[PDB]
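Engineer: Sending over a structure as structure tokens; questions will come in a sec.
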Amino acid sequence: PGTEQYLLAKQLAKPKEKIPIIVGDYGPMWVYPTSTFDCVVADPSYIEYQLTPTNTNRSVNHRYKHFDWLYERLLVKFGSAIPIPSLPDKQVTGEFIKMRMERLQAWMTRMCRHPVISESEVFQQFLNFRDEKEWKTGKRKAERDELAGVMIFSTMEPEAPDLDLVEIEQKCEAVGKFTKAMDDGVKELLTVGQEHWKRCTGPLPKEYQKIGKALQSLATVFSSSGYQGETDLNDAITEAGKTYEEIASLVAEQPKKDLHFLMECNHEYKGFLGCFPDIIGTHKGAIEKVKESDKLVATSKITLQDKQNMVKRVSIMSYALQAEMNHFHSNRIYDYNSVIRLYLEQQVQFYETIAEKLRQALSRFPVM
Amino acid sequence: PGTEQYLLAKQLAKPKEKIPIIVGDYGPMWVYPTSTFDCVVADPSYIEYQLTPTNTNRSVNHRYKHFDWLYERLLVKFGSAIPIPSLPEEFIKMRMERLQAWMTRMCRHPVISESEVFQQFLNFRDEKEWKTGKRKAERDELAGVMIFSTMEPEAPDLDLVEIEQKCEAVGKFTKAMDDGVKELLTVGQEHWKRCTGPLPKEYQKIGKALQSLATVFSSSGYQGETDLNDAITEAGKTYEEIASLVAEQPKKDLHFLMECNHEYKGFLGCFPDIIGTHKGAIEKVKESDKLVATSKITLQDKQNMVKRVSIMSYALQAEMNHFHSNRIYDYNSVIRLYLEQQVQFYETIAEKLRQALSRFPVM
């Protein structure tokens with residue numbers, strides 16, 4: 001009964017760490033700072049990743065366990081208002097970090113970028129703690145921060161006219177519609193991409209490896225005829241054989257140059273998407289109860305005041321839902337535009353490289 | 001058997017059709033004519049084919065079956081001396097294609113092309129002439145191992161030593177090439193299946209995927225995507241086109257490489273028997289010493305076998321000279337072709353991607 005907690009609380013409580021929301025050139029949005037700071041992670045007694053925020057140049061170390069602590073806290077606090085991606089995972093008991101730390105740096109960056117997650121006490125303390133006590137004390141301030149769940153909305157304050165159930169309801173279904181559809185759209189590119197990946201690093205190269213060796217085999221036999229005029233052709237035929245091997249290799253190592261990234265971007269968004277279900281659920285559920293406000297007023301189970309607060313608070317929720325989406329779409333555009341451009345360039349360079357490798361081999365052949 | 005029949009034949013009578021062999025600067029070889037011709041096979045009441053020998057404009061029409069008859073006859077007559085390549089919408093076109101090449105090989109062979117059977121097959125004015133030539137060829141008892149009797153090498157007789165090693169060599173080369181061609185033919189067919197099956201479907205699947213996404217991206221109601229989502233949908237189509245390219249590519253190159261290696265597989269399938277024939281000959285010529293001491297053959301009889309098996313060798317080396325020279329020209333040609341088409345293929349993909357890339361604004 002948390003949704004009823006925020007919708008019916010006493011609320012004599014005024015937020016300290018107020019989270020602003022405004023209406024930019026188009027739709028409600030978060031108040032983005034003007035000092036965006038990222039944070040490096042690397043330099044691997046257990047595994048202790050070193051976080052180096054490019055903002056104070058004061059390092060801090062954390063073991064994976066700590067990250068889960070951070071994610072969990074973030075999830076519990078802003079989880080019902082903002083999509084909190086999922087941390088990677090420890091493959092086996094030991095390549096590993098290469099695909100792990102990689103996804104960890106990303107996770108950190110995303111968090112860092114978010115105009116709200118970053119300015120959060122809990123995120124700060126995680127990055128800015130001086131000693132064992134300072135850390136332990138902070139690592140307990142959060143765990144006890146009752147300002148979480150649906151309650152997070154109360155700390156938010158939008159500077160715009162209050163919304164109404166009609167429009168509010170549209171945005172919710174609107175959002176749930178787009179996200180669900182995307183998760184499918186993304187889920188598919190992933191499927192296909194993973195298959196193509198298997199082929200490009202699997203059988204495809206073998207085929208070229210095969211042809212390349214077959215050619216050379218022929219050439220060598222051709223050279224065992226003692227006929228006048230073999231040197232020219234045989235050599236050309238051989239180098240060609242080798243060229244295909246080079247090509248096979250070039251093919252096997254190609255996915256990691258491009259497909260990989262397209263694939264990563266999608267996994268990352270597949271994650272964000274995997275969060276909206278529970279977010280919308282909360283919004284829908286909230287909207288429903290508000291609808292039951294009138295019937296609750298007539299039955300005298302709540303006063304007209306209680307109803308006002310319910311609307312005012314559910315209306316706030318809408319603003320946050322949109323403020324976040326604006327953040328979501330904003331990044332989507334930039335990210336997909338970048339990775340796909342990147343994927344395309346790399347491809348071009350790839351095929352161009354093969355073409356030339358052939359031209360050379362070609363020009364090695366005689367004319368008869 | 002017929003081997004002994006030839007090596008120890010009576011003889012004393014030179015044949016009518018004579019096939020000369022001379023040793024030029026690069027070993028023995030057939031006598032190539034001054035003006036080599038060719039033949040045309042096209043223009044399709046059962047199915048037939050019109051053969052127009054560029055030599056002297058005057059076509060004749062034959063039904064595939066007639067060709068089969070020709071293959072047989074050729075094989076029976078020059079088979080133990082010369083490799084006879086094998087015979088074969090898609091069907092009638094390939095068969096017509098394969099028949100053209102087949103016909104050309106024959107026409108460009110110094111011995112075959114000038115043979116009575118081959119000639120008459122090309123120029124018969126009516127059923128009478130035809131059925132006649134057909135009966136004469138079928139009864140041309142100058143075939144098999146006897147064919148060598150019609151050959152006259154203009155050079156010193158060879159020795160059982162060189163003849164042998166020369167023969168072995170030929171078996172070792174042909175056999176190896178045969179194994180080498182079979183390997184190439186295998187991987188080529190595999191890669192063909194790939195390029196025409198899965199691979200294309202993958203790009204196809206990716207192309208669609210992109211489009212589906214772009215579409216969804218449009219239902220965001222957000223602002224600015226007009227440029228982006230448009231470039232995405234375009235790129236997706238690009239891949240869908242690329243898919244088609246990949247699929248229709250083999251016919252443009254791989255196809256030919258295969259045809260070349262297929263034709264030679266036939267050529268190489270004929271050597272087992274040819275070499276077997278020669279090898280068997282060398283043995284009969286060996287036991288001669290025994291056949292003499294045992295009063296089986298006269299001293300003269302032996303000389304005939306030696307001198308005669310010398311002719312065989314010359315022939316072998318003459319055909320080999322023919323074989324190798326064309327192998328070189330054929331492989332170099334087809335491979336260049338494969339490479340050319342390959343380059344065009346990849347540059348085409350590169351280009352189509354470059355276009356899709358342009359539609360994507362920077363940032």
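Going through the structure tokens in order, the chains are called A, B, and so on, while each chain numbers its residues from 1 and the ligands are numbered from 1 in the order shown.
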For residue B:305, list every protein, DNA or RNA residue within 12 Å, evaluated using only C-alpha atoms, and leave out those in the same chain fewer than 2 positions away; present the list as a PyMOL selection string.

Structural biologist: chain B and resi 3-10+149+157-160+281-289+291+297-303+307-312

Engineer: Would you pick out the contacts of stretch 128-141 of chain A at 10 Å or less, using only C-alpha atoms, so that residues sharing its chain but fewer than 3 positions from it are not included, and give the list as a list in words?

Structural biologist: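 Answer for this query is residues 51, 52, 53, 56, 58, 59, 60, 61, 66, 69, 70, 73, 121, 122, 123, 124, 125, 144, 145 and 146 of chain A.
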
Engineer: Please, could you write that set of residues out with N, CA, C and O atoms as a PDB file, in the first residue's frame?

Structural biologist:
```pdb
ATOM      1  N   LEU A  51      37.502   3.989  -9.002  1.00  0.00           N
ATOM      2  CA  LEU A  51      36.690   5.021  -9.609  1.00  0.00           C
ATOM      3  C   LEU A  51      37.407   6.343  -9.524  1.00  0.00           C
ATOM      4  O   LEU A  51      37.830   6.768  -8.449  1.00  0.00           O
ATOM      5  N   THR A  52      37.540   6.995 -10.667  1.00  0.00           N
ATOM      6  CA  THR A  52      38.218   8.273 -10.711  1.00  0.00           C
ATOM      7  C   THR A  52      37.351   9.309 -11.388  1.00  0.00           C
ATOM      8  O   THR A  52      37.404   9.485 -12.608  1.00  0.00           O
ATOM      9  N   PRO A  53      36.537  10.014 -10.605  1.00  0.00           N
ATOM     10  CA  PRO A  53      35.665  11.037 -11.181  1.00  0.00           C
ATOM     11  C   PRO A  53      36.444  12.196 -11.768  1.00  0.00           C
ATOM     12  O   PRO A  53      37.295  12.779 -11.106  1.00  0.00           O
ATOM     13  N   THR A  56      36.996  15.935  -9.486  1.00  0.00           N
ATOM     14  CA  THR A  56      37.784  16.293  -8.307  1.00  0.00           C
ATOM     15  C   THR A  56      39.117  15.549  -8.309  1.00  0.00           C
ATOM     16  O   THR A  56      39.962  15.769  -7.440  1.00  0.00           O
ATOM     17  N   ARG A  58      39.996  12.862  -7.285  1.00  0.00           N
ATOM     18  CA  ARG A  58      40.258  12.182  -6.014  1.00  0.00           C
ATOM     19  C   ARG A  58      39.689  10.762  -6.096  1.00  0.00           C
ATOM     20  O   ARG A  58      38.483  10.556  -5.978  1.00  0.00           O
ATOM     21  N   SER A  59      40.567   9.786  -6.297  1.00  0.00           N
ATOM     22  CA  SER A  59      40.158   8.389  -6.434  1.00  0.00           C
ATOM     23  C   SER A  59      39.448   7.772  -5.235  1.00  0.00           C
ATOM     24  O   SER A  59      39.460   8.315  -4.132  1.00  0.00           O
ATOM     25  N   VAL A  60      38.836   6.618  -5.470  1.00  0.00           N
ATOM     26  CA  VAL A  60      38.132   5.869  -4.436  1.00  0.00           C
ATOM     27  C   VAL A  60      37.993   4.458  -4.972  1.00  0.00           C
ATOM     28  O   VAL A  60      37.782   4.267  -6.165  1.00  0.00           O
ATOM     29  N   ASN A  61      38.122   3.465  -4.108  1.00  0.00           N
ATOM     30  CA  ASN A  61      38.004   2.105  -4.590  1.00  0.00           C
ATOM     31  C   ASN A  61      36.792   1.381  -4.071  1.00  0.00           C
ATOM     32  O   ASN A  61      36.335   1.623  -2.959  1.00  0.00           O
ATOM     33  N   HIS A  66      30.082  -3.695  -3.776  1.00  0.00           N
ATOM     34  CA  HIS A  66      29.672  -2.331  -3.488  1.00  0.00           C
ATOM     35  C   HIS A  66      28.784  -1.766  -4.571  1.00  0.00           C
ATOM     36  O   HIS A  66      27.849  -1.019  -4.304  1.00  0.00           O
ATOM     37  N   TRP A  69      25.398  -2.731  -4.247  1.00  0.00           N
ATOM     38  CA  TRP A  69      24.866  -1.984  -3.130  1.00  0.00           C
ATOM     39  C   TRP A  69      24.326  -0.676  -3.694  1.00  0.00           C
ATOM     40  O   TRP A  69      23.216  -0.254  -3.368  1.00  0.00           O
ATOM     41  N   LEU A  70      25.118  -0.056  -4.563  1.00  0.00           N
ATOM     42  CA  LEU A  70      24.753   1.210  -5.173  1.00  0.00           C
ATOM     43  C   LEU A  70      23.533   1.094  -6.073  1.00  0.00           C
ATOM     44  O   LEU A  70      22.622   1.924  -6.031  1.00  0.00           O
ATOM     45  N   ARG A  73      20.366   0.466  -3.954  1.00  0.00           N
ATOM     46  CA  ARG A  73      19.945   1.684  -3.279  1.00  0.00           C
ATOM     47  C   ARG A  73      19.270   2.601  -4.261  1.00  0.00           C
ATOM     48  O   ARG A  73      18.244   3.205  -3.960  1.00  0.00           O
ATOM     49  N   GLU A 121      22.628  12.340  -2.913  1.00  0.00           N
ATOM     50  CA  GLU A 121      23.531  12.117  -1.801  1.00  0.00           C
ATOM     51  C   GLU A 121      24.183  10.756  -1.932  1.00  0.00           C
ATOM     52  O   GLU A 121      25.403  10.623  -1.904  1.00  0.00           O
ATOM     53  N   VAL A 122      23.347   9.746  -2.087  1.00  0.00           N
ATOM     54  CA  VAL A 122      23.809   8.376  -2.188  1.00  0.00           C
ATOM     55  C   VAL A 122      24.809   8.123  -3.304  1.00  0.00           C
ATOM     56  O   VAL A 122      25.724   7.309  -3.161  1.00  0.00           O
ATOM     57  N   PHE A 123      24.656   8.818  -4.416  1.00  0.00           N
ATOM     58  CA  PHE A 123      25.594   8.608  -5.500  1.00  0.00           C
ATOM     59  C   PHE A 123      26.914   9.298  -5.149  1.00  0.00           C
ATOM     60  O   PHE A 123      27.995   8.731  -5.325  1.00  0.00           O
ATOM     61  N   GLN A 124      26.803  10.522  -4.637  1.00  0.00           N
ATOM     62  CA  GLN A 124      27.960  11.305  -4.205  1.00  0.00           C
ATOM     63  C   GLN A 124      28.772  10.476  -3.208  1.00  0.00           C
ATOM     64  O   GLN A 124      29.862   9.987  -3.522  1.00  0.00           O
ATOM     65  N   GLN A 125      28.229  10.325  -2.002  1.00  0.00           N
ATOM     66  CA  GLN A 125      28.890   9.545  -0.964  1.00  0.00           C
ATOM     67  C   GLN A 125      29.593   8.321  -1.546  1.00  0.00           C
ATOM     68  O   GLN A 125      30.683   7.970  -1.108  1.00  0.00           O
ATOM     69  N   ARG A 144      18.726   3.754   5.322  1.00  0.00           N
ATOM     70  CA  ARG A 144      17.696   4.242   6.224  1.00  0.00           C
ATOM     71  C   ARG A 144      16.914   5.415   5.663  1.00  0.00           C
ATOM     72  O   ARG A 144      16.047   5.970   6.337  1.00  0.00           O
ATOM     73  N   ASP A 145      17.217   5.795   4.429  1.00  0.00           N
ATOM     74  CA  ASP A 145      16.526   6.906   3.786  1.00  0.00           C
ATOM     75  C   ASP A 145      15.120   6.458   3.399  1.00  0.00           C
ATOM     76  O   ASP A 145      14.923   5.827   2.370  1.00  0.00           O
ATOM     77  N   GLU A 146      14.142   6.775   4.237  1.00  0.00           N
ATOM     78  CA  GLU A 146      12.775   6.386   3.954  1.00  0.00           C
ATOM     79  C   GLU A 146      12.240   7.139   2.745  1.00  0.00           C
ATOM     80  O   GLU A 146      11.114   6.921   2.327  1.00  0.00           O
TER      81      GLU A 146
END
```

Engineer: Determine the nearest neighbour of chain A from the options B:247, B:84, B:29, B:357, counting only C-alpha atoms.

Structural biologist: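 Among B:247, B:84, B:29, B:357, it is B:357 that comes nearest to chain A.
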
Engineer: Using only C-alpha atoms, determine which residues of chain A fall within 8 Å of chain B; present them as a PyMOL selection string.

Structural biologist: chain A and resi 178+181-182+185-186+188-189+192-193+195-196+207+210-211+214-215+217-218+221-222+224-225+227-228+230+233+237+329+333-334+337-338+341+344-345+347-352+354-356+358-359+362+365-366+368

Engineer: Have a look at atom CA of residue B:53 and atom CA of residue B:104 and let me know their distance in Å, one decimal.

Structural biologist: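 Those two atoms sit 10.0 Å apart.
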
Engineer: Could you check the closest approach to residue A:9 for each of A:305, A:292, A:23, A:361 and tell me which residue wins, using only C-alpha atoms?

Structural biologist: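 Checking each of A:305, A:292, A:23, A:361 against residue A:9, counting only C-alpha atoms, the winner is A:305.
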